[PDB]
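In: sequence, then the experimental structure. Questions to follow.
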Amino acid sequence: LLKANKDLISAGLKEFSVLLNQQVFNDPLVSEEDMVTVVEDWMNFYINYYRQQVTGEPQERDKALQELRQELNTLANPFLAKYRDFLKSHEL
């Protein structure tokens, strides 16, 4: 209900999707642990962000927060892989 709610989600969606796909690949390169922290921060930051940026009944808010948590959890899986493979491509 209300395009406003779905709009906020889509914003976090396009933001994350574009962010993962628009990351910058330049040396020096960031490590996996550093990327993980950044990803986690992005995930908790967005999660808390959306829990407070909702309207209407509390039930809808929760569905947005739950779907988001699963949304990032899935969306992050492929990103970490791209960087994982990007890390392996190194030499040593």
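Out: Now that the structure is in, tell me what you want to look at. Residues are numbered from 1 along each chain as shown.

In: quick one: stretch 50-63 to chain centroid distance?
Out: 18 Å (CA atoms, centre = their mean, to the nearest Å).

In: just the CA trace of that stretch, in CSV.
Out: Only the C-alpha atoms of stretch 50-63 are listed here, as CSV (Å, rounded to 0.1, in the frame of the first residue of the first chain):
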residue,chain,number,x,y,z
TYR,A,50,14.2,2.1,6.9
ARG,A,51,12.8,1.0,10.3
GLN,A,52,12.5,4.7,11.1
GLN,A,53,11.5,5.8,7.6
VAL,A,54,8.1,4.1,7.4
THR,A,55,4.5,5.2,7.7
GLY,A,56,1.1,3.6,8.3
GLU,A,57,0.5,0.5,10.5
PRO,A,58,3.4,-1.2,12.3
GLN,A,59,2.7,-4.4,10.4
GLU,A,60,3.7,-2.9,7.1
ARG,A,61,6.9,-1.5,8.5
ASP,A,62,7.9,-4.9,9.8
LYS,A,63,7.3,-6.5,6.4
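
In: buried stuff in that stretch?
Out: Neighbour counts using 16 or more other CB atoms under 10 Å place 50, 53-54, 61 of stretch 50-63 among the buried residues. Heads up, the C-betas are built off the backbone N, CA and C, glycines and all.

In: show me where the chain has its strands.
Out: Assigned by DSSP state E, the chain shows no strands.

In: which pair in the buried residues of stretch 50-63 has the greatest spatial separation?
Out: Farthest-apart pair in the buried residues of stretch 50-63 is 53 and 61; separation 9.2 Å (CB to CB).

In: please tell me how far residue 30 sits from residue 74.
Out: For residue 30, the distance to residue 74 (CB to CB, to the nearest Å) stands at 22 Å.

In: how deep is the closest residue to residue 53 other than its chain neighbours tucked in, by neighbour count?
Out: In space, and not counting its chain neighbours, residue 53 is closest to residue 8: 5.7 Å by CB to CB, 6 or more residues apart in numbering. Residues within reach of residue 8, counting by other CB atoms under 10 Å, total 18.

In: nothing else from me, thank you.
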